[PDB]
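Visitor: Questions regarding the structure given below will be posed in turn.
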Amino acid sequence: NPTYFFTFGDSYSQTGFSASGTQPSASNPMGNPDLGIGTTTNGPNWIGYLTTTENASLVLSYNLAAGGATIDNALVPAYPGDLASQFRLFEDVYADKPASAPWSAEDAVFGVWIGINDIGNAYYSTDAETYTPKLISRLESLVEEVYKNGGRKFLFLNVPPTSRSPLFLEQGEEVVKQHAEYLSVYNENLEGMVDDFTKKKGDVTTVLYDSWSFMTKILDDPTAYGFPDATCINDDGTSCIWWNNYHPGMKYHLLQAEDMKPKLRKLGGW
């Protein structure tokens, strides 16, 4: 019996999935495009690995993540396909449980990885303590739409240390520090929201995955993971942590998915 894994996020999660493309099936769990296409990793990303390599049973991936996305263009704007628009695509196509995706509370998992671009664009112009609650409140209201549709199993990934990507390192240590301090406040408020939502609903199963600590461990000791250093870039996706100056490669994504597997057992597909 399948797990319907609906995901929402940005370039760390995009795969190029179209709602008018081939839809997920047991013979083709990613639907479209082929596994390993459309990512920022040179191969599968964490969603492709969770769906096809770390899965304990059948997982069907409906991946709505879009490059450059922020939470809501009424807050920090960037690209048309913000997280709000991804929830709107879900509402239009899958929320009503069509025969192509006949999900239920017991077998649907909703995964969200967002915040990299909100922080990347607003860390120097806004006050973290008072602005990040507005971003997190909007994320919560989007999650509530899916809850109202009947969703009950949720996966949230906190924001990883993009402060230490080559793109940010090149901007100088003070900028790395300002970005990192802002990001820490965002991640604390995300954790608080997930805990409050879990307690208040009482009938949900949630996982908050601390990607920040995992990636930080690798950046702090890269050779223990088979990477020569924490800063090199290689678009093969495996020689270095970084596939380009702002995105990690497929080797990192596989290590993350392997780290996530045990923490996702309670969600049903792992």
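By convention in this document, the chains of the structure tokens carry letters A, B, ... by their order, each chain's residues are numbered from 1, and ligands are numbered from 1 in the order they are shown.
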Write out as CSV the residues of stretch 11-73 of chain A that have any atom within 9 Å of an atom of stretch 238-246 of chain A, one row each with the nearest atom pair and its distance in Å to one decimal, counting only C-alpha atoms, sorted by chain and then rising number.

Guide:
residue,atom,partner,partner_atom,distance
A:40,CA,A:243,CA,7.2
A:41,CA,A:243,CA,5.8
A:42,CA,A:243,CA,7.3

Visitor: Write out as a count of residues only the residues lying within 12 Å of residue A:131, counting only C-alpha atoms and excluding same-chain residues fewer than 4 positions away.

Guide: 19

Visitor: Could I get the residues of stretch 205-249 of chain A with an atom no further than 10 Å from an atom of stretch 96-115 of chain A, each paired with its nearest atom pair and that distance in Å to one decimal, using only C-alpha atoms, sorted by chain and residue number, as CSV?

Guide:
residue,atom,partner,partner_atom,distance
A:205,CA,A:109,CA,9.3
A:206,CA,A:109,CA,9.3
A:207,CA,A:111,CA,9.3
A:208,CA,A:112,CA,9.9
A:209,CA,A:113,CA,9.7
A:211,CA,A:113,CA,9.8

Visitor: Report the closest atom pair, with its distance in Å rounded to one decimal, for each residue of stretch 49-115 of chain A that has an atom no farther than 6 Å from stretch 267-270 of chain A; count only C-alpha atoms, sort by chain and then rising residue number, and write it as CSV.

Guide:
residue,atom,partner,partner_atom,distance
A:55,CA,A:270,CA,4.8
A:56,CA,A:270,CA,4.5
A:57,CA,A:269,CA,5.5

Visitor: Write the residues you've just listed into a file as a JSON list (two decimals), in the first residue's frame, and include N, CA and C atoms for each of them.

Guide:
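Result file again25.json:
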[["chain", "number", "residue", "atom", "x", "y", "z"],
["A", 55, "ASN", "N", 13.54, 3.92, 1.03],
["A", 55, "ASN", "CA", 12.13, 3.55, 1.30],
["A", 55, "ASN", "C", 12.02, 2.11, 1.83],
["A", 56, "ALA", "N", 11.14, 1.89, 2.81],
["A", 56, "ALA", "CA", 10.90, 0.54, 3.37],
["A", 56, "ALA", "C", 9.68, -0.10, 2.71],
["A", 57, "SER", "N", 8.90, 0.68, 1.98],
["A", 57, "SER", "CA", 7.72, 0.22, 1.26],
["A", 57, "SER", "C", 7.52, 1.20, 0.11]]

Visitor: Give me, please, the distance in Å between atom CA of residue A:233 and atom CA of residue A:248, quoted to one decimal.

Guide: 8.8 Å

Visitor: Determine, using only C-alpha atoms, which residues of stretch 8-56 of chain A have any atom at most 12 Å from an atom of stretch 145-163 of chain A, and tabulate each with its shortest atom pair and distance in Å to one decimal place, rows ordered by chain and then rising number, as JSON lines.

Guide:
{"residue": "A:8", "atom": "CA", "partner": "A:156", "partner_atom": "CA", "distance": 9.8}
{"residue": "A:9", "atom": "CA", "partner": "A:157", "partner_atom": "CA", "distance": 9.8}
{"residue": "A:10", "atom": "CA", "partner": "A:159", "partner_atom": "CA", "distance": 11.2}
{"residue": "A:12", "atom": "CA", "partner": "A:160", "partner_atom": "CA", "distance": 10.0}
{"residue": "A:13", "atom": "CA", "partner": "A:157", "partner_atom": "CA", "distance": 10.9}
{"residue": "A:46", "atom": "CA", "partner": "A:157", "partner_atom": "CA", "distance": 11.3}
{"residue": "A:47", "atom": "CA", "partner": "A:155", "partner_atom": "CA", "distance": 11.9}

Visitor: With DSSP run on the backbone, what are the alpha helix (DSSP H) residues within stretch 15-226 of chain A? I'd like them as a PyMOL selection string.

Guide: chain A and resi 46-52+83-93+116-122+128-149+166-169+173-201+211-220

Visitor: Would you work out the distance separating atom CA of residue A:35 from atom CA of residue A:72, expressed in Å to one decimal?

Guide: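 Atom-to-atom, atom CA of residue A:35 and atom CA of residue A:72 are spaced 28.5 Å apart.
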
Visitor: To one decimal place, how far is atom CA of residue A:58 from atom CA of residue A:251 in Å?

Guide: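 Taking atom CA of residue A:58 and atom CA of residue A:251, their separation equals 23.1 Å.
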
Visitor: Neighbouring residues of stretch 23-30 of chain A were defined as those with any atom within 10 Å, considering only C-alpha atoms; residues of the same chain fewer than 6 positions away were excluded. Please report them as a PyMOL selection string.

Guide: chain A and resi 1-2+4-5+15+17+36+47-48+51-52+58-63+100-101

Visitor: Go through A:250, A:260, A:175, A:255 and flag the residue nearest residue A:44, using only C-alpha atoms for the distances.

Guide: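 Closest to residue A:44 of all the choices is A:250.
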
Visitor: Might you pull out every residue within 9 Å of residue A:81, with only C-alpha atoms counted and same-chain residues fewer than 2 positions away left off, and present them as a ChimeraX atom specification?

Guide: /A:65-70,73,78-79,83-86

Visitor: Can I get the selection written as a CSV table (one decimal), in the first residue's frame, with C-alpha atoms?

Guide:
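Result file is again01.csv:
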chain,number,residue,atom,x,y,z
A,65,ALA,CA,9.2,22.3,-4.9
A,66,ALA,CA,10.4,25.1,-7.2
A,67,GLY,CA,13.7,26.8,-7.7
A,68,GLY,CA,14.2,30.1,-5.9
A,69,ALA,CA,11.0,29.8,-3.8
A,70,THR,CA,10.3,31.9,-0.8
A,73,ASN,CA,5.8,36.8,-2.1
A,78,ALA,CA,11.5,36.2,-5.3
A,79,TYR,CA,9.9,34.0,-7.9
A,83,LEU,CA,5.5,28.1,-1.3
A,84,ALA,CA,2.0,29.6,-1.2
A,85,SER,CA,1.7,28.9,-5.0
A,86,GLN,CA,2.9,25.3,-4.4

Visitor: Which residues in stretch 146-219 of chain A does DSSP call strand (DSSP E)? List them as a list in words.

Guide: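 The strand (DSSP E) residues within stretch 146-219 of chain A come out as residues 153, 154, 155, 156, 157, 205, 206, 207, 208 and 209 of chain A.
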
Visitor: Atoms to include: N, CA, C and O atoms. Write the selected residues as an mmCIF file, in the first residue's frame.

Guide:
data_model
loop_
_atom_site.group_PDB
_atom_site.id
_atom_site.type_symbol
_atom_site.label_atom_id
_atom_site.label_comp_id
_atom_site.auth_asym_id
_atom_site.auth_seq_id
_atom_site.Cartn_x
_atom_site.Cartn_y
_atom_site.Cartn_z
ATOM 1 N N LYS A 153 0.190 13.744 8.681
ATOM 2 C CA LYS A 153 1.594 13.348 8.860
ATOM 3 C C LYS A 153 2.470 14.367 8.144
ATOM 4 O O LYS A 153 2.291 14.606 6.934
ATOM 5 N N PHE A 154 3.371 15.026 8.895
ATOM 6 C CA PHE A 154 4.117 16.167 8.378
ATOM 7 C C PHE A 154 5.599 16.031 8.684
ATOM 8 O O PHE A 154 5.998 15.622 9.779
ATOM 9 N N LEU A 155 6.396 16.416 7.687
ATOM 10 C CA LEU A 155 7.869 16.411 7.802
ATOM 11 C C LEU A 155 8.379 17.834 7.515
ATOM 12 O O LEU A 155 8.060 18.385 6.478
ATOM 13 N N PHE A 156 9.110 18.407 8.460
ATOM 14 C CA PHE A 156 9.688 19.742 8.280
ATOM 15 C C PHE A 156 11.190 19.624 8.382
ATOM 16 O O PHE A 156 11.681 19.007 9.328
ATOM 17 N N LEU A 157 11.886 20.253 7.448
ATOM 18 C CA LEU A 157 13.363 20.286 7.517
ATOM 19 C C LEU A 157 13.774 21.716 7.874
ATOM 20 O O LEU A 157 13.260 22.630 7.257
ATOM 21 N N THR A 205 1.207 13.315 13.355
ATOM 22 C CA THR A 205 2.531 12.741 13.508
ATOM 23 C C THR A 205 3.485 13.669 12.784
ATOM 24 O O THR A 205 3.295 13.915 11.585
ATOM 25 N N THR A 206 4.450 14.238 13.516
ATOM 26 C CA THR A 206 5.352 15.201 12.912
ATOM 27 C C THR A 206 6.807 14.832 13.162
ATOM 28 O O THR A 206 7.155 14.229 14.179
ATOM 29 N N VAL A 207 7.663 15.243 12.218
ATOM 30 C CA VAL A 207 9.109 15.122 12.350
ATOM 31 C C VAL A 207 9.701 16.467 11.978
ATOM 32 O O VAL A 207 9.382 17.012 10.911
ATOM 33 N N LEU A 208 10.543 16.993 12.835
ATOM 34 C CA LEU A 208 11.400 18.133 12.519
ATOM 35 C C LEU A 208 12.795 17.574 12.344
ATOM 36 O O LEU A 208 13.397 17.061 13.302
ATOM 37 N N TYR A 209 13.286 17.663 11.116
ATOM 38 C CA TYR A 209 14.631 17.134 10.799
ATOM 39 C C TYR A 209 15.635 18.265 10.864
ATOM 40 O O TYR A 209 15.491 19.255 10.159
#

Visitor: Could you check which of A:203, A:45, A:181, A:254 is closest to residue A:225, using only C-alpha atoms?

Guide: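 Among A:203, A:45, A:181, A:254, it is A:254 that comes nearest to residue A:225.
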